[PDB]
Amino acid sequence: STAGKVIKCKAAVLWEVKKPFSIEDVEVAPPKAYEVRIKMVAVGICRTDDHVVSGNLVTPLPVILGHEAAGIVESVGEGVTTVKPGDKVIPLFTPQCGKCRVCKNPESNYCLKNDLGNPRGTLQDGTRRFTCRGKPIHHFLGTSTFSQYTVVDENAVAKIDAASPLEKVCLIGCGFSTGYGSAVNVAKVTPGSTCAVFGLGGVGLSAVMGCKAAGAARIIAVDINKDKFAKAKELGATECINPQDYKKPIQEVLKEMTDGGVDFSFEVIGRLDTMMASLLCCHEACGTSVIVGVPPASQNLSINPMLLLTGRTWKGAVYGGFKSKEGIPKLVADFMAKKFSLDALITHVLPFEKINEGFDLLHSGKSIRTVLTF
């Protein structure tokens, strides 16, 4: 039995930035009130986890990263009502407390209980459930899924279809929902419009899928890695262009291919140069540009306000605008009904112990999503 007891298990710990993960023996405390301890089944490797390793995203170290995942409830703390032991669940990087200004606002999803803005690396009560070799280890985005077992706040855990294939649906926990929703909920892509998507990783390709689902007439996929073009076309892209093939800035090329600019542009990489190009490539009078990629810590874009005064709309969002706890199970239900597939996005499968190799694949550009199995 494990309920009520400290669990001893394995987890991938990041002790220092720019260093490989270390598979360590860790201790996971039992869940407190309103907390859920989950046995991980599958976790996808998202560029966001990589940003901590590269130093592009600041969060307290040492830490157990991981946030795109699916697992089975091992035990629940007192007061928990939405999930029970044995339930299949997906942890959420942005919670849905259902009580704050944001959660009550039908148009927003950045719940005030998030640990995204100025990360503490703890659960919502301000404390940590992990220890390793006598040292406390921080949580990441309230989820810390690169561990055989994690403890998450109830409002950051979604109950899903009991028949869900966890090795596939874990992508719905972050990448797919974020990309797809950025097109459907945030930009609100219109039928017959023209779109441009910068970045063809798991999140960007999910945005291509969203643009297609919304009925876009044209979906221009932009990436410096042409090996991503076949998958982009498979998922809906009408055209694929590599900025390296051109002598002029990509935004000019895009405007000239689209009667002055796209109706909707998406940056799904995380670089200032592509965020600028994305904004510049949407039409000056009726374009909307959405930032999805996570930029390097404290780096600023230099913007002439005239770019917005003509009629542009520039916006950003986390999680594709989906209210997390209510939205993730619905996407799983759609998946179960075969409304969309995730196979094209999952290019590699590896045991959790090979987490480092999974990050090597991400770096090489050979993988879209590598899913790790526990």
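Numbering starts at 1 and runs along the sequence shown.
Set 133-141 against 261-269 and average the Cα temperature factors; 133-141 ends up higher. Just going by the entry, 359-367 versus 7-15 on mean CA temperature factor gives the higher value to 359-367. Remark: of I328, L65, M40, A337, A337 shows the highest value [criterion: C-alpha B-factor in the PDB entry]. In this structure the maximum Cα B-factor among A156, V290, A237, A163 is found at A163. Placement of the Cα temperature factor of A333 within the chain: highest third of the modelled residues, per the deposited record. Compared with the other modelled residues of the chain, the Cα B-factor recorded for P243 ranks in the middle third. Ranked against the other modelled residues of its chain, the C-alpha B-factor of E284 as given in the entry falls in the middle third. Among the modelled residues of the chain, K32 sits in the highest third by CA temperature factor in this PDB entry. Ranked against the other modelled residues of its chain, the C-alpha B-factor of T310 as given in the entry falls in the middle third.
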